[PDB]
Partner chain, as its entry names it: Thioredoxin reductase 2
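Here we start with a single chain on its own, the form solved without the partner chain, put down as structure tokens.
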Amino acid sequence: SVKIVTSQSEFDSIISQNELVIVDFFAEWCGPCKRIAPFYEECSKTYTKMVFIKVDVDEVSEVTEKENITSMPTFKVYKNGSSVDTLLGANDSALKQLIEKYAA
């Protein structure tokens, strides 16, 4: 069950209240989020060791600046409340290896 956080501190909170956290920084006017969600769902039930959340850039622009988000869609995994890895382009297979690497 991918988690959607609508707060800036709540976003950062999720990052710090867990060892490893994976977030899909995305936009609502994009299609990949919808196309990447189906695979993301599978990843969420096996990779449950890793916490999955969703943070939009429009609701909390401050979040974008906090993580220096330049490209999109971007998938980043956070360790000890810090950025640990980045994945460009919402790809089921690409995230598969990225999510599997730290989560699997």
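Positions refer to the first chain, counted from 1.
Keep in mind the form solved in complex with the partner chain is missing from the figure; the text below concerns it.
Looking at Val21, you'd find every heavy atom of it more than 4.5 angstroms from the partner chain in the entry with it bound. Under a 4.5 angstroms non-hydrogen atom cutoff, the partner chain in the entry with it bound lacks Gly81 among its neighbouring residues.
Taking the partner from the other structure, the partner chain in the entry with it bound has no heavy atom within 4.5 Å of any heavy atom of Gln17. When contacts are judged by a 4.5 Å heavy atom cut-off, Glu10 does not count as touching the partner chain in the entry with it bound.
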